[PDB]
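**Q** Residue numbers (the numbering used here): 1183 to 1593.
Note that the Cβ used here is the ideal one computed from N, Cα and C, for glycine as well.
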Amino acid sequence: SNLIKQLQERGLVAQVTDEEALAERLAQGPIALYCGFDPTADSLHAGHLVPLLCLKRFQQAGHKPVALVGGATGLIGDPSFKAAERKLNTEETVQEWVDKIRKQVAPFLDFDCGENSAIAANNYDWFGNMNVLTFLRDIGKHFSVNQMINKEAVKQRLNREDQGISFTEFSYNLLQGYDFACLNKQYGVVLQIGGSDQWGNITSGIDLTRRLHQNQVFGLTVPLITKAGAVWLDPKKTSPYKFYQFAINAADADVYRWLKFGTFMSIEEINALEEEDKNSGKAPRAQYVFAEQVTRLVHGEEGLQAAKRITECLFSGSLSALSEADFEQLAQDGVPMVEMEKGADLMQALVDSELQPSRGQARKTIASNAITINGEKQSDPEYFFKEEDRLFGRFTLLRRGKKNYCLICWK
Ligand SMILES: N[C@@H](Cc1ccc(O)cc1)C(=O)O
């Protein structure tokens, strides 16, 4: 059980500072480590899973994860590797996002396992009331503009005026540096993990911790899954169905690394899967394993089963199993959707959903037996929907041909 050796085996270590010294330190016993997540939206996306779960593997190994939420950094904006200057967000909108993100972080870590039990942190606790002169004096002298401009993230923003960077976003690096120090002092954190794009910010904090506290602390970055639309963790931004679908459609190139980064599946099992797939008459079920594991992680069993149930209905044509909550996911993102007043005929439903272009055309297509209503074929061009077709009084699913869906949301 050399944690760093395993993480490397999983393809999880993008880079790491002073590796041998870190391996020894962990092997000596539990440490505290952190990773921080900024409130730049009301939810995390599938990308953040990598560092997040990585803290869970650290906690499974006896270590103590701190999950920092950027109450303060969210008011500022990480320019790291972004070509465009972010608009600032509202102080009231940011706190909204903070509590939300704190909340969705929490289920992935054990807050009640004794000593290595997890801790939520918010860097607003230290920046929220810090005087500007105090900041400039105690933290800002230890930073050199030269060294700052030369860091890889902000380097491209600085050549010359394709885009610029505000002094605000430039400041950002210092705040993440001080977070590290402040957490080293407060909780004895000695490792920070983060995505590969965060190296610079991590290293400034290592360096600053030397100068402030005379401790040695480590850096470790995990690789990105560049999915920022993004695949949101929030079921209301991205439905478990859609989430499951993203997963089950991971390319072959990616699926094995995503198995590694995104799931607690055994390294043994992940290899066995790969070696099987390559042999097995081109029978690749890794996506399917991938999908089920991560959906279950993120959305629980009930989310998994829903997404599978919704997947199975759109494949089969039979809607018998759908619940109302299942139509809501279809409505939110699962299939195209149209709102309609009750009393419209089929012909019209087909026009208003874009399945047919004219009433006259709809008529001929209905008559060629091309249209199903809730799975059951309907070929009477003059058909009016009846209450039975308004499932849960609200929902009707059209299909044209074998795979063109549109969901009718009745008002
Ligand atoms: N800079 C990180 C978030 C973060 C904020 C504060 C920290 O101390 C650490 C990390 C990001 O934008 O992804």
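Residues in its own chain within less than 8 angstroms of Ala1552 by CB, not counting five upstream and five downstream?
**A** Mapped onto the sequence shown, residue 1552 falls at position 370. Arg1582, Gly1583.
**Q** Which class does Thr1477 belong to by DSSP, given the choice of helix, strand or coil?
**A** Position 295 of the sequence shown, counted from the first residue, corresponds to residue 1477. It is helical.
**Q** Suppose contacts are defined by Cβ-Cβ distances below 7 angstroms. Is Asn1366 in contact with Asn1397 by that definition?
**A** Reading the sequence shown from its first residue, position 184 is the one you call residue 1366. Reading the sequence shown from its first residue, position 215 is the one you call residue 1397. Yes, the Cβ-Cβ distance between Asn1366 and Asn1397 is below 7 angstroms.
**Q** Under 8 angstroms: do the region 1370 to 1379 and the region 1404 to 1416 share three or more Cβ pairs, one atom per stretch?
**A** yes
**Q** With DSSP as the reference, identify every bridge partner of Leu1402, one or two as the case may be.
**A** Mapped onto the sequence shown, residue 1402 falls at position 220. Bridge partners of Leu1402: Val1198, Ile1375.
**Q** For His1227, which three-state DSSP category applies?
**A** As a working note, residue 1227 is residue 45 in the sequence shown. Reduced to three states, the DSSP call for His1227 is strand.
**Q** Within the same chain, show all residues whose beta-carbon is closer than 6 angstroms to that of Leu1208, passing over the 5 residues directly before and after it, in chain order.
**A** Your numbering for residue 1208 matches position 26 in the sequence shown. The residues are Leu1185.
**Q** Does the beta carbon of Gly1310 fall short of 6 angstroms from some heavy atom of ligand 1?
**A** In the sequence shown, residue 1310 corresponds to position 128, counting from 1. The answer is no for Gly1310.
**Q** What would DSSP say about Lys1269, mapped onto helix, strand or coil?
**A** Translated into the one-based positions of the sequence shown, residue 1269 becomes position 87. The answer is coil: DSSP assigns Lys1269 none of H, G, I, E or B.
**Q** Are the CB atoms of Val1413 and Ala1228 within a distance shorter than 7 angstroms?
**A** Along the sequence shown, one-based indexing puts residue 1228 at 46. Along the sequence shown, one-based indexing puts residue 1413 at 231. Against a cut-off of 7 angstroms, the Cβ pair of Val1413 and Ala1228 comes out as a contact.
**Q** Is any heavy atom of ligand 1 found at a distance shorter than 6 angstroms from the C-beta of residue 1626?
**A** Nothing about residue 1626 can be reported from this structure: the residues present for the chain run from 1183 to 1593 only.
**Q** Could you name each continuous beta strand (DSSP E) segment of 3 residues or more that falls completely within the region 1320 to 1401, going from the start of the chain to the end?
**A** For the region 1320 to 1401, the full-length beta strand (DSSP E) segments reaching 3 residues or more read 1371 to 1377 along the chain.
**Q** So does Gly1485 have its beta carbon nearer than 6 angstroms to some heavy atom of ligand 1?
**A** In the sequence shown, residue 1485 corresponds to position 303, counting from 1. Answer for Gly1485: no, Cβ out of range of ligand 1.
**Q** For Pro1247, does the three-state DSSP call read helix, strand or coil?
**A** Taking the first residue of the sequence shown as position 1, residue 1247 is located at position 65. Three-state result, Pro1247: strand.
**Q** So which of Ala1205, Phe1574, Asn1305, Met1447 has the shortest CA-CA distance to residue 1594?
**A** Absent from the structure is residue 1594, since the part of the chain shown begins at 1183 and ends at 1593.
**Q** Can you list, in chain order, the residues of its chain with a C-beta nearer than 7 angstroms to that of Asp1292? Leave out the 5 residues immediately preceding and following it.
**A** Locating residue 1292 in the sequence shown gives position 110, where the first residue counts as 1. Result list for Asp1292: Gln1241, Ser1299, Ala1300, in chain order.
**Q** Taking a contact to mean a Cβ-Cβ separation below 7 angstroms, would you say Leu1589 touches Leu1537 in this structure?
**A** Here the question's residue 1589 lines up with position 407 in the sequence shown. Here the question's residue 1537 lines up with position 355 in the sequence shown. Contact: no.
**Q** Only counting the same chain, and skipping five residues up and downstream in sequence, which positions put a Cβ closer than 7 angstroms to that of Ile1452?
**A** Residue numbering aside, residue 1452 sits at position 270 when the sequence shown is read from its first letter. In its chain, beyond the 5 residues on either side, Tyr1438, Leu1441, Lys1442 have a beta carbon closer than 7 angstroms to the beta carbon of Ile1452.
**Q** Comparing the CB of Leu1373 with every heavy atom of ligand 1, is any distance shorter than 6 angstroms?
**A** Looking up residue 1373 in the sequence shown gives position 191. No, ligand 1 has no heavy atom inside 6 angstroms of this Cβ.
**Q** Answer yes if the region 1566 to 1583 comes into contact with the region 1498 to 1515, meaning at least three C-beta pairs across the two stretches below 8 angstroms, and no otherwise.
**A** Touching, per the Cβ criterion.
**Q** Quick check on this structure: which residue in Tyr1587, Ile1384, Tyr1360, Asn1383 has the alpha carbon closest to the alpha carbon of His1395?
**A** In the sequence shown, counting from the first residue as 1, residue 1395 sits at position 213. When only C-alpha atoms are compared, the closest one is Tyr1360.
**Q** Which class does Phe1317 belong to by DSSP, given the choice of helix, strand or coil?
**A** Here residue 1317 corresponds to residue number 135 of the sequence shown, with the count starting at 1. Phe1317 falls in the helix class under three-state DSSP.
**Q** Using only CA atoms, which one of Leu1455, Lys1418, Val1287, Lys1464 lies nearest to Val1232?
**A** Indexing the sequence shown from 1 puts residue 1232 at position 50. Per the Cα distances, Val1287.
**Q** Taking 6 angstroms as the line, does the beta carbon of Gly1252 fall inside it for any heavy atom of ligand 1?
**A** Looking up residue 1252 in the sequence shown gives position 70. It does: the Cβ of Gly1252 is within 6 angstroms (strictly closer) of some heavy atom of ligand 1.
**Q** Give the C-beta separation of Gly1387 and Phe1362 to the nearest angstrom, bearing in mind that I take them to be a contact with Cβ-Cβ under 8 angstroms.
**A** Working through the sequence shown from its first residue, we reach residue 1387 at position 205. Working through the sequence shown from its first residue, we reach residue 1362 at position 180. So it is a contact: roughly 3 angstroms between Cβ atoms.
**Q** Between the alpha carbons of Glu1558 and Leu1486, how many angstroms are there, rounded?
**A** Position 376 of the sequence shown, counted from the start, is the residue given in the question as residue 1558. Position 304 of the sequence shown, counted from the start, is the residue given in the question as residue 1486. Each residue's alpha carbon lies about 27 angstroms from the other.
**Q** Taking the alpha-carbon positions, what's the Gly1193 to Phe1290 distance?
**A** What you label residue 1193 is simply residue 11 of the sequence shown in a count that begins at 1. What you label residue 1290 is simply residue 108 of the sequence shown in a count that begins at 1. Rounded to the nearest angstrom, the two C-alpha atoms are 21 angstroms apart.
**Q** Since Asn1341 and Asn1383 should fall inside the 8 angstroms C-beta cutoff, what is the C-beta to C-beta distance between them, to a whole number of angstroms?
**A** Locating residue 1341 in the sequence shown gives position 159, where the first residue counts as 1. Locating residue 1383 in the sequence shown gives position 201, where the first residue counts as 1. That belief does not hold up - the Cβ atoms of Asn1341 and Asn1383 are roughly 20 angstroms apart, past 8 angstroms.
**Q** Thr1420 and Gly1401: beta carbons closer than 7 angstroms?
**A** As a position in the sequence shown, residue 1420 is number 238, starting the count at 1. As a position in the sequence shown, residue 1401 is number 219, starting the count at 1. No, they are not a contact pair.
**Q** Which word fits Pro1539, buried or exposed, when buried means at least 16 other C-beta atoms lie within 10 angstroms of its C-beta?
**A** Here residue 1539 refers to the residue found at position 357 of the sequence shown. When all chains shown are included, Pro1539 counts as exposed.
**Q** CB-CB under 7 angstroms to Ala1196, same chain, minus the five flanking residues each way: which ones, in chain order?
**A** Position 14 of the sequence shown, counted from the first residue, corresponds to residue 1196. Same-chain partners within the cutoff: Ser1378, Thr1403, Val1404, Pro1405.
**Q** Please determine whether the Cβ atom of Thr1255 lies at a distance below 6 angstroms from any heavy atom of ligand 1.
**A** Position 73 of the sequence shown holds residue 1255. The answer is yes for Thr1255.
**Q** Across which residues does DSSP place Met1522 in a beta bridge pair?
**A** Against the sequence shown, residue 1522 aligns to sequence position 340. Paired residues: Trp1592.
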